[PDB]
Amino acid sequence: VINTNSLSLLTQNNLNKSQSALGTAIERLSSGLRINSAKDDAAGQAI
Amino acid sequence: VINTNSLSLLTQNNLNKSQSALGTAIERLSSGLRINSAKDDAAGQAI
Amino acid sequence: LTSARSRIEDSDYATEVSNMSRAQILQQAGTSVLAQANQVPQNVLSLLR
Amino acid sequence: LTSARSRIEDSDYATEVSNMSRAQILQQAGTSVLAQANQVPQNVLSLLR
Amino acid sequence: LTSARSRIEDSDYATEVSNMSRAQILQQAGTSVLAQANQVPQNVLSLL
Amino acid sequence: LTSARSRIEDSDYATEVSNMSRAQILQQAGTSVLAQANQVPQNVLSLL
Amino acid sequence: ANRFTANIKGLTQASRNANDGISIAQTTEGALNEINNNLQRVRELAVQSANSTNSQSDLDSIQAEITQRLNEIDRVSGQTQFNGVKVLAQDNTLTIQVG
Amino acid sequence: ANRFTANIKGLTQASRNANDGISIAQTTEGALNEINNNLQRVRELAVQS
Amino acid sequence: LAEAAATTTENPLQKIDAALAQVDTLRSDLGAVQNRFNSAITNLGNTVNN
């Protein structure tokens, strides 16, 4: 079947997920801080 | 034996089966996880 | 527990690569044999007259 | 949803190539046999003469 | 603002080449089909 | 056990390839000879 | 020949219907997986709540994300639909002809 | 297929809508962080006074 | 519609675990049905050929 490469689509989505995780890891690693935005931990920033 | 080619119809089945195998293999490969769905292993999913 | 979950869940890249290779090959060979099979009937046409 | 639409609408080239081959063979044989059949009754007419 | 502009403006780095593959294959196939379109005329011609 | 299963089940590639070649030759030879056979009584009618 | 052709056509359409069933199952499954991820996050936050050192403001902050997650769960349940069927909204049974 | 196409295009566009929402949230968050730093300096000064 | 909570919930993690149980059970059901679908499709293909 020509008109659509489902496998390509699935691989693209998995790649996006992996890259998301990689960025999450790298920022923490470089900064040395577990908290870099309000998203990481609501109560952590307040405390 | 002019009309219809049962031989070719039979052949196409092997192609489809191989295509399904390739899909499963490539999906597992991209994910990095053996159990990509409940379709694979329900007990593994739950555990 | 992380190791246990890895065992139950994580795949094996070596095995999966070998599997993909086998699949690609079966598919290519299938395409070829289909090409050969399509021709078969035309040997008939020579007897058109 | 993309996969669903694909399953619904795309044409399967494996099947369609074979269909085209069969149709081509059928058409050629049909023209040949039509010519032969027209010709023979024409030679029957020559018989009549 | 750079992040937002990138999100609105940029083309997906991957999807593009996949679409391109689709396009090339369709071109090749359609060229073959147009070639086939000739045969039927030639078949009727031989009939003549 | 996988090796044993392969030795029992799997088809050997090269042998079947050569078999297919031989059968393909036979097909066209048969076509030719049958055409010849039909022509033979066609010559008979020519004598007629 | 008529009987065989009828069977062949019916079975082809049955295969197509089976594909449709596969698709609907897959869509429901994806939605469910995402909901499960949200549930994992909720459990994590709940475990955090137990800490007796937290102040009431901290507890309210945690409750905020808890409420957001629950709202998203309900929204997904309400909205997810395939071909006009809200597959997670109301109990139902669907039948796919294959014979 | 028409219904599927409607849904697929709509959801695709909604993805970008959500992205823009995340962007605006991030901007507000940054401004808030800087406000917070200034307030902490003010509190230090108040204690000093 | 969801009522407003009256007091702090009791034994939450257990209710959450029950929710997980329900969701995973449903997922297992879907997986089983999909496997059945695939098997039926293959059988139908063979029957069509024959």
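Per residue, the convex hull around the alpha carbon atoms of chain B comes to 76 Å³. When each of the peptides F:5-12, H:20-27, B:35-42, G:24-31 is scored by how many other beta carbons lie within 10 Å of its residues on average, the order from highest to lowest is B:35-42, G:24-31, H:20-27, F:5-12.
Amide H to amide H, with H built 1.01 Å from N, B:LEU33 comes under 5 Å of C:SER11, counting only residues 5 or more places away or on other chains.
The long axis of helix D:13-48 is offset from the longest Cα principal axis of chain D by roughly 10 degrees. Model label sites at G:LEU94 and G:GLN68, defined 7 Å from Cα along the beta-carbon direction, differ in position by 3.3 nm.
Rank these for me by crowding, G:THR12, E:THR31, G:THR53, going from fewest to most other beta carbons within 10 Å.
Values: G:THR12 13, E:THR31 10, G:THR53 6.
In order of increasing Cβ crowding within 10 Å: G:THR53, E:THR31, G:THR12.
Calculated on the alpha-carbon coordinates, the convex hull of chain D measures out at 55 cubic angstrom per residue.
Among G:80-87, I:15-22, the peptide with the highest mean count of other Cβ atoms within 10 Å heads the list, and the full ranking is G:80-87, I:15-22.
Length, then width, then depth: along the principal axes, the Cα atoms of chain E run 72, 13, 6 Å. Between amide H atoms placed 1.01 Å from N, distances below 5 Å from G:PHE82 occur with G:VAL87, all of them 5 or more places distant or on a separate chain. Sequence-distant contacts, meaning Cα pairs under 8 Å at least 6 residues apart, place the relative contact order of chain G at 46 percent.
Helix I:12-49 and the longest principal axis of the C-alpha atoms of chain I enclose an angle of approximately 10°. Just to verify a number: FRET efficiency for G:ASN36 and D:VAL33, C-beta to C-beta distance, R0 = 45 Å, to 0.05? The computed FRET efficiency comes out at 0.10.
Computed about the Cα centre, the dipole magnitude for chain D is approximately 260 debye when only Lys and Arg (+1) and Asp and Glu (-1) carry charge, each at its Cβ. Listed by chain and number, the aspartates and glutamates whose C-alpha is less than 20 Å from the C-alpha of B:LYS39, apart from same-chain residues fewer than 8 away, are B:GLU27, C:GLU9, C:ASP10, C:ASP12, C:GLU16, G:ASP20, G:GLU29, G:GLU34, I:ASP24, I:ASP29. Between the C-alpha center of the range G:50-78 and that of chain C there is a gap of 50 Å. Normalised Debye scattering of chain H at q = 0.18, 0.24, 0.30 Å⁻¹ gives log10 I(q)/I(0) of -0.69, -0.83, -0.97, counting only Cα atoms as equal scatterers and leaving out solvent. Look at C:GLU9, H:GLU44 and count the other Cβ atoms within 10 Å of each Cβ; fewest to most, that gives H:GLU44, C:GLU9. Any idea what log10 I(q)/I(0) is at q = 0.26, 0.31 Å⁻¹ for chain I, Debye with uniform C-alpha scatterers and no solvent? Each listed q corresponds, in turn, to -0.95, -1.04.
Averaged over its residues, how many other protein chain Cβ atoms are within 10 Å of peptide I:9-15's Cβ atoms?
Details: counts 2, 0, 0, 8, 5, 0, 1.
Per residue, the average neighbour count from other chains is 2.
What is the helix-to-structure angle for H:2-48, meaning the angle in degrees between its Cα long axis and the longest Cα principal axis of chain H, kept from 0 to 90 and rounded to the nearest 10? Around 0 degrees separate the two axes.
When chain A is turned onto chain B, its residue with the beta carbon nearest the axis, and that distance in whole angstrom, is A:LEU29, 17. Partner shielding of A:33-44 amounts to 4, given as the average count of beta-carbon atoms from other chains within 10 Å of each residue beta-carbon. Panel values: the protein assembly as shown, Kirkwood radius from alpha carbon pairs, Stokes-Einstein at 37 °C and 0.692 mPa s, translational diffusion coefficient 112 µm²/s. Across peptide G:13-23, the mean count of Cβ atoms from other chains lying within 10 Å of each residue's own Cβ comes to 6. Distance between the 7 Å Cα→Cβ label points at I:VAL48 and H:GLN48: 8.2 nm. Label-point distances for B:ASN13 to the equivalent site in the other copies, using a point 7 angstrom along Cα→C-beta, read 3.1 nm when ranked shortest first.
Here the Cβ is made from the backbone with ideal geometry for all residues, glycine too, and neighbour counts use every protein chain on show. Where a number appears in this text, it was derived from the coordinates with a stated rule and is not lab data.
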